[PDB]
Every structure is written in C-alpha cells, then in structure tokens.
A.B. asks: 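Got a structure for you, written out below as structure tokens; questions coming shortly.
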Amino acid sequence: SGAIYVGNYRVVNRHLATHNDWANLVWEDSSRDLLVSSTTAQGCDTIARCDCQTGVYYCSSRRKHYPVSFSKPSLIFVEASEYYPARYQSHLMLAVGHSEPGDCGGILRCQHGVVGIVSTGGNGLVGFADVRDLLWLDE
Ligand SMILES: COc1ccccc1N(C)C(=O)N1CCC[C@H](C(N)=O)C1
Ligand SMILES: [Zn+2]
C-alpha cells in the first residue's frame with residue numbers, strides 16, 4: 001500500500017484504489033496502473049521534474065529504504081494477475097531490488113522529489129510507475 005499526496009490530489013496504484021478514490025476520480029490509466037483522486041486537504045509531497053536514474057525507494061516487506069539505479073520510463077510486459085490480463089504497462093521503470101505483493105505504493109524519490117511508486121516486481125526486480133511527466137499535478 002501507499003500514496004502520493006500533492007496539492008488537492010492523491011496518486012495511487014489503480015489496482016489498489018478504494019471506492020472513495022473512484023467516487024472522486026480525476027484521471028486513471030489502466031496501461032500505467034495509476035489513478036488520481038481529489039482530496040479536501042492540501043498535500044505536502046513535492047514531485048520531481050527530471051531525468052534521474054538513481055533514487056531511494058521504501059520497501060514495506062523489509063521495513064527499509066533501498067538505493068537503486070532504475071531504467072528510463074518505457075513499455076514493459078507484465079504477466080497476467082487478478083487485476084489485469086497479460087499486457088504492456090507504459091511509463092514503467094525497472095530496478096534490481098527486493099519487492100513482493102504488498103510493496104506496491106512504496107514511494108521512489110531522488111534529490112528533486114517524488115519520482116513514482118512501486119507497481120510491479122519479481123525475481124530480484126522492482127518496477128515503478130513514473131509520475132514525473134504528470135505536470136498538471138502541480139497546477
Ligand atoms: C511489487 O509487485 C510484485 C512483486 C513481486 C512479484 C510480483 C509483483 N507484481 C508484478 C504485482 O504485484 N502485480 C500484481 C498486481 C498488479 C501489478 C501490475 N502493475 O500489473 C502487478
Ligand atoms: Zn531527480
């Protein structure tokens with residue numbers, strides 16, 4: 001679990017969004033596994049606007065933060081699951097690191113701010129749904 005709270009927006013994994021998230025839907029993209037809902041209170045997270053390929057992510061299955069090198073946002077194949085059929089997930093960045101089901105929502109951050117959230121993994125890899133292109137999150 002996990003979310004980014006920026007301004008009057010809450011950013012979450014689309015496969016973990018609540019009834020409330022869908023009742024206050026602003027935007028969603030199944031191909032990116034992202035969903036943005038509106039909030040009444042102001043959020044105090046800063047979004048990074050950069051091309052960093054190094055950062056630190058929170059891994060709830062280890063209660064630890066890990067430094068990682070990660071790929072550029074791209075279309076990557078993701079095995080079928082209870083929420084999606086087998087498909088290409090866009091805007092996804094992979095790193096070598098620990099992740100297991102339950103780690104989705106953990107924030108990835110670089111020196112400039114929030115980069116994205118854990119969305120995929122397996123076999124010593126972890127995938128992050130990028131949010132740095134969503135410029136509207138700030139205006
Ligand atoms: C951190 O995630 C993992 C870790 C280890 C092993 C597997 C995972 N994966 C990949 C997932 O949990 N999922 C299932 C829920 C839907 C996700 C998606 N974006 O399509 C993929
Ligand atoms: Zn950065």
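For ligands, and for the atoms within them, numbers begin at 1 and follow the listed sequence. Values below: every heavy atom of this structure, side chains too, minus hydrogens, waters and symmetry copies. Position 1 is the first residue of the sequence; numbering continues from there.
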A.B. asks: Taking any residue with a non-hydrogen atom under 4.0 angstrom from an atom of ligand 1, which ones do you get?
C.D. replies: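 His15, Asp33, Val78, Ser81, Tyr83, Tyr84, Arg87, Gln89, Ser99, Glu100, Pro101, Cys104, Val118, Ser119, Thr120, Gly121, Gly122.
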A.B. asks: Before giving the answer on side-chain hydrogen bond (donor to acceptor under 3.5 Å, both in side chains), spell out for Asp130 and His91 the whole-Å C-alpha distance, their side-chain angles and the decisive distance to 0.1 Å.
C.D. replies: CA-CA 6 Å; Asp130 186 59; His91 298 272; 5.0 Å; no
A.B. asks: With 2.8 Å as the limit, jot down which protein N, O or S atoms are around the Zn ion (ligand 2).
C.D. replies: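 Per the 2.8 Å query on the Zn ion (ligand 2), atoms found are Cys50 SG, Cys52 SG, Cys110 SG, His112 ND1.
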A.B. asks: Check for me, please, whether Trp27 and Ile4 land in the same ILVMFWY cluster - side-chain distances under 4.5 Å, paths through other members count.
C.D. replies: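 Linked within one cluster.
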A.B. asks: Check this for me, if you would: do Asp29 and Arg14 make a salt bridge, where the nitrogen-to-carboxylate-oxygen distance has to be below 4.0 angstrom?
C.D. replies: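 Here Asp29 does not pair with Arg14 in a salt bridge, since their nearest N and O are not under 4.0 Å apart.
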A.B. asks: Any ion pair linking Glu79 and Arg87 (charged N to carboxylate O, less than 4.0 Å)?
C.D. replies: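 Judged by the 4.0 Å cut-off on N to carboxylate O distance, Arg87 and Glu79 do not form a salt bridge.
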A.B. asks: Can you tell if the side chain of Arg132 reaches within under 4.5 Å of the side chain of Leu134, non-hydrogen atoms only?
C.D. replies: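 No; the side chains remain at least 4.5 Å from each other.
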A.B. asks: Ignoring hydrogens and geometry, is there a side-chain-to-backbone donor-acceptor pair from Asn13 to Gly105 under 3.5 Å?
C.D. replies: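 Answer holds: yes.
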A.B. asks: Hey, is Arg32 close enough to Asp133 for a salt bridge, meaning N to O under 4.0 Å?
C.D. replies: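 Salt bridge between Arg32 and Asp133, a charged N being under 4.0 Å from a carboxylate O: yes.
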A.B. asks: Only one of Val68, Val126, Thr120 clears side-chain contact (heavy atoms from CB on, under 4.5 Å) with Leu94; which?
C.D. replies: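 The single option meeting the side-chain contact (heavy atoms from CB on, under 4.5 Å) with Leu94 is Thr120.
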A.B. asks: Give a yes or no on whether a salt bridge exists between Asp45 and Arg109, defined as a side-chain N under 4.0 angstrom from a carboxylate O.
C.D. replies: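 Salt bridge flag = yes for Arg109 with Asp45.
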